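Protein chains in written order, with the deposited numbering: chain P, 350 to 417; chain L, 258 to 279, 287 to 402; chain R, 141 to 209; chain U, 8 to 244; chain E, 8 to 233; chain Y, 38 to 118, 120 to 438; chain F, 160 to 211; chain C, 5 to 251. Where is the CB? At the ideal position from N, CA and C, for every residue including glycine. Please read the structure below before turning to the comments.
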Amino acid sequence: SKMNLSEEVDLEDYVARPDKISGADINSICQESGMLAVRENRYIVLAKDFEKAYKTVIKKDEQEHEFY
Amino acid sequence: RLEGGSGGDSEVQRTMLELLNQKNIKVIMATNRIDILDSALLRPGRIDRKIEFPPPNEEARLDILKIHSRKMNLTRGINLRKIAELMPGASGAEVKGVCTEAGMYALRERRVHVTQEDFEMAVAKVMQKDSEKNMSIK
Amino acid sequence: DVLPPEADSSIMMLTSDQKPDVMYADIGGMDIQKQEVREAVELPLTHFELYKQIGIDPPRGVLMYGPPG
Amino acid sequence: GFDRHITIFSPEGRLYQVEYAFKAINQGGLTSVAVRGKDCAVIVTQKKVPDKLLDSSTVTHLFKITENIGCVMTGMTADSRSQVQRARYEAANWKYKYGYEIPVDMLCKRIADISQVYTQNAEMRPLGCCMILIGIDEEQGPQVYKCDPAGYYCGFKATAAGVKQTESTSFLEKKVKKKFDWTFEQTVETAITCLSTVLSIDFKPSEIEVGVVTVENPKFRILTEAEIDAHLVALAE
Amino acid sequence: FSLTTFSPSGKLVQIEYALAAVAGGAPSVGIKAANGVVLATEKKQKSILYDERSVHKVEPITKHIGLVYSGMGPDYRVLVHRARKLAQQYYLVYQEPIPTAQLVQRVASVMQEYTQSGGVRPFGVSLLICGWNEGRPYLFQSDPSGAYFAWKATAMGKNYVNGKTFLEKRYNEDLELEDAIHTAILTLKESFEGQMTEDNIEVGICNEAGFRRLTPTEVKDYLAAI
Amino acid sequence: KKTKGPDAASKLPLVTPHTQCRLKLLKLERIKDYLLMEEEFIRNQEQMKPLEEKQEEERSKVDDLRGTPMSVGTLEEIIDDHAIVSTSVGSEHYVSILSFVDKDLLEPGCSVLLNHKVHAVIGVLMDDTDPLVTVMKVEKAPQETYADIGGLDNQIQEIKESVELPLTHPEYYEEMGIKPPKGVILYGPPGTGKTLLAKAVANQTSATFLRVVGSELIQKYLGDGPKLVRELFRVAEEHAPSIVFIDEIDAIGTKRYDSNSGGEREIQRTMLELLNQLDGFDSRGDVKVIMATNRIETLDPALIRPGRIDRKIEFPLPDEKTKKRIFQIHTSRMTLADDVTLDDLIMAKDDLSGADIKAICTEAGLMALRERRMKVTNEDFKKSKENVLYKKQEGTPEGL
Amino acid sequence: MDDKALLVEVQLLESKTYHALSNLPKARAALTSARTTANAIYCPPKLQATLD
Amino acid sequence: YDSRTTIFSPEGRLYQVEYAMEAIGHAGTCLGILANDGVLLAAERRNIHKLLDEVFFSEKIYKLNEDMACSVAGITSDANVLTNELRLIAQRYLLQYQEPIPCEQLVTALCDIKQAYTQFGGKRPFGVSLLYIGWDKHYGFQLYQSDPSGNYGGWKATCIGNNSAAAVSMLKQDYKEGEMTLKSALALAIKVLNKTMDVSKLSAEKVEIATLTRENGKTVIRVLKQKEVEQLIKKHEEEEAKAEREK
Ligand SMILES: Nc1ncnc2c1ncn2[C@@H]1O[C@H](COP(=O)(O)OP(=O)(O)O)[C@@H](O)[C@H]1O
Ligand SMILES: Nc1ncnc2c1ncn2[C@@H]1O[C@H](COP(=O)(O)OP(=O)(O)O)[C@@H](O)[C@H]1O
């Protein structure tokens, strides 16, 4: 929201998936991810624009199912 | 651990043996390590006394509030004795923490009279430690 | 002669005041605690007169032993 | 120490041995996809065959535990075969002790209990193989379950295991979020396109082995080369 | 060695690590009301691929004994299976007492194979037990190493501290009717991150008539108007 | 760099009464008179100068040539005429001093003056007040005597004979041609040990004394633990032949551990070097190494052998008469009571050591000084027993 | 007490009436407290819009 | 230095057992005082969180037999199994001899099992010490204290809690044999419990006490309920007020 809705982001981008992580990703990385979600070979911020920076930085530490 | 610091401990022990036996100078130590068994060493320089610090009682804590709250301004009526007794055990440092917590709680309200409600909020500084999980295994 | 300015002698940053970079509530970290930090700002936010009378001894040094989080 | 060496609770309050076994499942270089449909449940996994001196007839990772339940194994092959043998023994023993056939959920529960016994104690070690088992169940439709080296038996509709399991699960989540039931053409095609998008090789109809259990036709059909080729032709049309 | 072990001078380090593990993240609140006991927990499945009617967090051990738990679910399955076997054995030995609440204390006591014979690695699950076949309800908690505590209202999740604080501030109280399940859901709401739904929240109730795991219909009905 | 210190103090410790009386007063008056007559004598002599001879031949020839500006630097090496001196900031000068050249007191590694400009050494700072690298001779020849201890007559005779084989009757085994530096291995209960020190002061009445207690399990790569003591014993030979009191390190630093290899390198280095120094065929000197311990069991077999380390001496617990004597010595300074309650405190006591005796005597005065202040407190008859219990003997759960 | 939905609504209403009376700094302070309280509820779709 | 349970020390001490017994002092507080025509136990209720219901009706005090009762002061996990084994031993003796088991024999059996636990095998010592009060035909009212070392002792006024030293000192100061009765024993127990518990005016909920009395040819082990306990507290408070004001 600082960069106003990620500079006019699309609806189908919600942070439900890339944040329920349990993979640290400190606020500095969060700000970097916000500023790196910027591949825009077109007009506006979209989903395909994201997926380059949205599939990049994938979340390694996992396996909470054994604990739950 | 027979390390460089241990050699320093040995030389410190060597020094205090000579100068204190060769004087208008005494040494007072401290041990918040619960027991002396974890640091039992040469008796001279410590065989003089082994005075221990009992944790303050409810009345002892009362007095520490009075010493710490004499400097401060507060409401006319306050049951300081019950305030200290509400704190389970603790120490004079916790009393200092409660007193400075009451001042900050009354600081946000900006009044000259620290109320009993703010003081009980200061008693909550004794909280946040508790036992966390109810282990209760004894 | 004596130089009045002291900050620029070895740089090491300068007066960052009078400039809104990140105001306050706009932080994303919400609180963590931020109540001891507001307790820390009580002395800058006047209240040193309220430090006396009320008899409190306000904190002087705040150490934050946290990662870049 | 030995917190990370034996099956003991870590000082931080975790269990690192099973956490390592779950990654052991990732070790081996294989992936599998399980998709439950409107009436059927299909599972497909790649058949990584290095050199043709091997017998592609028996290099499979999917098996028939009983007449109606079929599994697919992900991880080390020795532990996979051991768990398959244990599952077959459990199914037979259940059919002997109880007249009716063992429900797939109960079989998964028993296998997960065995795995939980393995992660318990310290003499033995957990088996580094994750098993996804499917089967038709009356009054329940198709059923798919996953038993892991820890002992947590769950999973439904669309579930995947292997190296690139996260991407497959994400794509299947997108597909299931798209609210449309899959018939016995769409379920197979969905699984095939999921595994193809995970590993883009266009999937020549020889490097995958799909198992299917429908409702009108029971039993774990290990579809032959002709069936997988026909499904691939229909999908790529 | 092969039992509950690793106890240094004045400590139970292995047990303490087990208690750190059971901190978990599933609140699983429990409230002992006048009419009965409510055990409500959170089923926050990862993504929508998983199912909610397949696996359950609340298990009826017997006719009117219900069970809810905490971290290390695979251990909880074995523990609840053992509890079912033990209750069944007690009912077979002492035939036909309809043993639930004269057994709830007993079954909690026989939760000594649960931890006092740890099995090299102690169990990493703390479980709440409810029973009401005595004219009065019962709520008990067994932890990875201790024994029965006979709670009236508690939580065993990631925010169990603030959950218990909410329970006491909201006055779990004694005159509360069977419909204290609203307060249990509210206590879960404090330790919940999302719009909780019928499948997201699983709750079982144990009144004098018996125990019953509430179906998603009633769970959604209660969640409505919250 | 250190040879001796000026011993012009300790003015006649033999104050016979040690208590306020007329005899002690007269002795103090004679002491104080003799101090003024000396201050008289030296002052009268220094100012009533024998003769006024110019500028004492000092300012006329040398003081001017020494100059006003000077800098201090160490002296490194000596050559026949010049001197090789390493001054400050790593400067080295090859210049012949000929003004205030006290060749005996210059020595290598000592601070000397430099007259600046044409840098020539013109003097030496003999004091230099900085030989502080390894200091163990600071407590040399302790003033404690035989009289400080009592009731240990058998051990005092044994240790004296072992240490008066040298000094006294050195020709005895010189003709026997052995010259044995055997030393003494001292046993004793852990309740004692500085008696192992107090019985050592009997020999410390002659020559100097060195102490190595606790040291370390010489983890140091150079080792040198027993080896710098060898250098210090060599320094002791340069001085009056001293003794090396290594109590509690002949047991720990020289431990009869069953382990052979991988044993902290002390067994490799310390035990071997101790035997090398304790063998008379390697190092000479009248140095006698007193090995005192409270654990006879941990005696290393090299240390066990009387062939190299002879004169084994056992320190037993004090007897009834010894307890009476030590209590008398410790309570003599304090004037316990006029009733002299002596035997009641020791008649039934057992396993009471010298350190305990000192502690209870000290605590008896402390308890009387607490609130029972009555000079010779009438309570001291039983308060001495009150603080002889004092608990604190041993405490460990119940187990019984 | 430890209610959360009511507190957010009360703080938001207090912020609204400060704005109606043009009490901007107290409205900002109340709004900041409204956010601090509103962090508890994860998906209050109506309430989150009201705060925004 | 500690290792597998069955070890010694270079000096020759069982430091694991000593550490466990010292840890028994940490946490829990029980005391037993023996008097004529009645012997009683006093227990300190550690956790008084308002969220409990107190339905077990006893936490520290355990009824182990018709003629005896115990009170543990160690970890509850071992305490439960030890109490079960003690009841089993007592009832086995009752079956074998058709007679209530003497208290000394029962305590010797329990301390034998604890000595076995600390003796052989790689098994932890039972980190729990418990008192016993009971009555028999031979010795009448008896009190025993057993530690995890397995070395029980026949006491008449003892405490096993955290401030056990302070409690036993208070007992020794204000203990009078022979003259002691059940009511005076109650008064002394409440007084010493008030001494060892820092908060004055102890509530009846934080203190659980049980008295064993000899009725007409029958042993009655009555745990004193809340009303009777607080009436004892009120009588003690009256005594304290009179004693303080009369100076
Ligand atoms: N609203 C926000 N909340 C939290 N962190 C933020 C916010 N905005 C920016 N940041 C990040 O906080 C970081 C501070 O980093 P840094 O000062 O290096 O950490 P540290 O102070 O621990 O050295 C910046 O890099 C920035 O990206
Ligand atoms: N028999 C004795 N007679 C006189 N003084 C003694 C006697 N024994 C010990 N002392 C003095 O008491 C002090 C402590 O003696 P010791 O028992 O050797 O110490 P530790 O027990 O600490 O090794 C010594 O400094 C010594 O001067």
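For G356(L), no Cβ of chain C is located within less than 8 Å of the residue's own Cβ. As summarised for the stretch 186 to 262 of chain Y, the continuous beta strand (DSSP E) elements at least 3 residues long and confined to that stretch are 222 to 224, 247 to 249, given in chain order. Membership of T196(F) in the alpha helix (DSSP H) is indicated by the continuous run 183 to 197. Of all alpha-carbon atoms in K178(Y), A121(Y), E113(Y), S134(Y), the one lying nearest the alpha-carbon of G128(Y) is that of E113(Y). Collapsing the DSSP output to three states places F130(C) in coil. For the options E244(C), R8(C), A113(C), the alpha carbon positioned closest to that of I93(C) is the one of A113(C). Identification of residues in the stretch 99 to 127 of chain E having a C-beta nearer than 8 Å to some C-beta of chain U yields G126, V127, given in sequence order. Across the structure, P225(U) and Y152(U) are spaced so that their CA atoms are roughly 17 Å apart. In terms of Cα proximity to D312(L), the closest of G42(Y), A397(Y), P264(Y) is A397(Y). Fully enclosed beta strand (DSSP E) runs of no fewer than 3 residues are not present anywhere in the stretch 383 to 416 of chain Y.
At a beta-carbon threshold of 7 Å, the residues of chain U lying near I55(E) are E180, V183, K184, ordered along the chain. Bounds of any beta strand (DSSP E) do not take in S355(P); it lies within the alpha helix (DSSP H) bounded by 354 to 357. At least one CB atom of chain L sits nearer than 8 Å to the CB of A397(Y).
For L259(L), no alpha helix (DSSP H) encloses it, and the DSSP letter there is neither H nor E. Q150(U) is bridged by DSSP to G142(U). Put simply, of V44(E), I72(E), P15(E), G164(E) the residue whose alpha carbon is nearest the alpha carbon of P144(E) is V44(E). In the three-state reduction of the DSSP assignment, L427(Y) falls in the helix class. One alpha carbon belongs to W139(E), the other to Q109(C), and they sit about 40 Å apart.
Of the heavy atoms belonging to ligand 1, none sits nearer than 7 Å to the Cβ of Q34(U). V220(U) places its beta carbon less than 8 Å from that of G77(U). If you draw a straight line from the Cα of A47(E) to the Cα of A160(E), it comes to about 11 Å. Residues of the same chain with a CB within less than 7 Å of the CB of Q21(E), apart from the 5 flanking positions on each side, are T12, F13, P129 in chain order. Taken from the Cβ of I187(Y), at least one heavy atom of ligand 2 lies inside 7 Å. Taking the Cα of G32(C) as reference, the smallest distance to any Cα among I105(C), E63(C), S188(C), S13(C) is reached at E63(C).
Taking every residue with its beta carbon within less than 6 Å of a heavy atom belonging to ligand 1 gives, in chain order, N376(P), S377(P), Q380(P), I167(R), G168(R), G169(R), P208(R).
Listed by position along chain C, the residues whose Cβ is nearer than 7 Å to that of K159(E) are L55, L56, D57. By the rule that beta-carbons nearer than 8 Å mark a contact, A157(U) touches chain P.
Within the chosen limit of 7 Å, ligand 2 does not reach the beta carbon of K346(L) with any heavy atom. Straight across, the Cα-Cα distance linking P156(U) with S89(U) is about 13 Å.
Listed along the chain, the chain F residues whose CB falls inside 8 Å of the CB of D171(R) are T195. Residues of chain Y with a Cβ closer than 7 Å to the Cβ of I311(L) are, in chain order, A397.
For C136(U), not one C-beta of chain E is nearer than 8 Å to its own C-beta. Within the same chain, and ignoring the five residues on either side of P106(E) in sequence, the residues whose Cβ sits closer than 8 Å to its Cβ are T69, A94, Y97, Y98, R113, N140. Around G158(C), the same chain offers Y148 as residues with beta carbons nearer than 6 Å, after the five sequence neighbours per side are excluded. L22(U) has a beta carbon lying within less than 8 Å of a beta carbon in chain P. Out of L192(C), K187(C), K54(C), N167(C), the CA that lies nearest to the CA of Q177(C) is found in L192(C).
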